[PDB]
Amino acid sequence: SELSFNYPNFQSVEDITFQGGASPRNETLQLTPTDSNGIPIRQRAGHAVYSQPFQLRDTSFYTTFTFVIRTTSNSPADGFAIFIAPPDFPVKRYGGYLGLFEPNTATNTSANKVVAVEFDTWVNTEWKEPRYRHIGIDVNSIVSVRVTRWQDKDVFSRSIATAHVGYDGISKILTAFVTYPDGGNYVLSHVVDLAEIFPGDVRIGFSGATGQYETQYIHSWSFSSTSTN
């Protein structure tokens, strides 16, 4: 179906649904909470999602956002993701689950209905992932189906970075382009039939999790979807 929205900043959070530890702060979406000292709170997940659902049958979409990761140590955790899931999707487990999965089923593709592009700051040994920070495409599992190294210079840059996520409903391909100003660029594409995974309604939004020594902020976001009929 057709849906579009545009937040040049988050001065207004009209039409955004928060769950968990996410909240509006300083015209951004702050995905995980900070204490009265400004220190990231450990073991917390949060979501900020566009409130109105849309349908993926016979649909392409384009979305872009800008983001900052604020780290306060060399060992930040855990990252964040932009994700698509059904509209009743709750906040799931904190830490390396990224607010998107639960321990007993996080690697079982038959037990989940969620697709994400993840920005992973913390190498987990509880499941298989790369031994370096990474950006990935996740399809119903915390074990990414496509993953690439995310350079530490970019992770720690304090830059306002940009992501572009598109889905071509004819070729059934999800793509992310991530760019840093005077830094790295990252490209990931994967064949997946989103309409088959999601035959009904879905929402799009962000999930962040700690972890420790990290807060994730979304500064701007826009989205459009169009019929491929």
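Numbering starts at 1 and runs along the sequence shown.
As recorded in the PDB entry, 72-80 is the stretch of 116-124 and 72-80 with the greater mean C-alpha temperature factor. As listed in the deposited structure, the average C-alpha B-factor of 193-201 and of 35-43 is greater for 193-201. Listed residues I218, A209, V13, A22 were ranked by CA B-factor as deposited; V13 comes out on top. In the deposited entry, the Cα temperature factor of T64 places it in the lowest third of its chain's modelled residues. For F156, the recorded CA temperature factor ranks within the middle third of the chain's modelled residues.
Ranked by Cα temperature factor within the chain, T105 sits in the highest third according to the deposited record. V91: CA B factor in the highest third of modelled residues in this chain (values from the PDB entry).
Sort the chain's modelled residues by C-alpha temperature factor and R146 lands in the middle third, per the entry.
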